[PDB]
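One structure is given below, encoded as structure tokens.
Number of protein chains: 2
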Amino acid sequence: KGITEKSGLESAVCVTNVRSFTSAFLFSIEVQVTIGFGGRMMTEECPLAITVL
Amino acid sequence: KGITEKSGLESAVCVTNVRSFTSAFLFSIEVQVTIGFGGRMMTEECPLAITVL
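If you read the sequences in order, they're chains A and D. Counting in PDB author numbering, the first sequence runs from 107 upward without gaps. Counting in PDB author numbering, the second sequence runs from 107 upward without gaps.
So, in structure tokens, the structure goes:
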């Protein structure tokens, strides 16, 4: 849905705005050091992600 | 882009919303004391920024 920008859909995703390993290794930074940049919320759905948090 | 007519998503620079030395200083305060203000985020476009982080 980003190859073609027509969708713009982020209603059904496990962990928003994580798209690559670079982003994952910047999100983990935002969660460990209590920075919390917050362009990447954790929606409530996938409980495995919540366990990992 | 402020001068021009079309925005073009600001072309997704190394670090969002840094326009001047004052903005960089504010961003540093945001990113160290763990304020994590969460308006001036950090993408992964350039890995040197991640190294600095």
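Think of the CB as a built atom: it goes at the ideal place given N, C-alpha and C, for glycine as much as any other residue.
*Note down, in chain order, every chain D residue with its Cβ under 7 angstroms from the Cβ of residue 145 of chain A.*
147
*Decide yes or no for the touch test of the segment 142 to 149 of chain D against the segment 121 to 128 of chain D: beta carbon pairs closer than 8 angstroms, at least 3 of them.*
yes
*Name, going along the chain, the residues of the segment 122 to 146 of chain A whose beta-carbon falls closer than 8 angstroms to a beta-carbon of chain D.*
126, 128, 129, 131, 132, 135, 136, 139, 140, 141, 142, 143, 144 and 145
*Output yes if chain A places a C-beta closer than 8 angstroms to the C-beta of residue 159 of chain D; else output no.*
yes
*Taking Cβ positions only, does residue 116 of chain D come closer than 8 angstroms to chain A?*
no
*For residue 129 of chain A versus residue 150 of chain D, is the C-beta spacing smaller than 8 angstroms?*
yes
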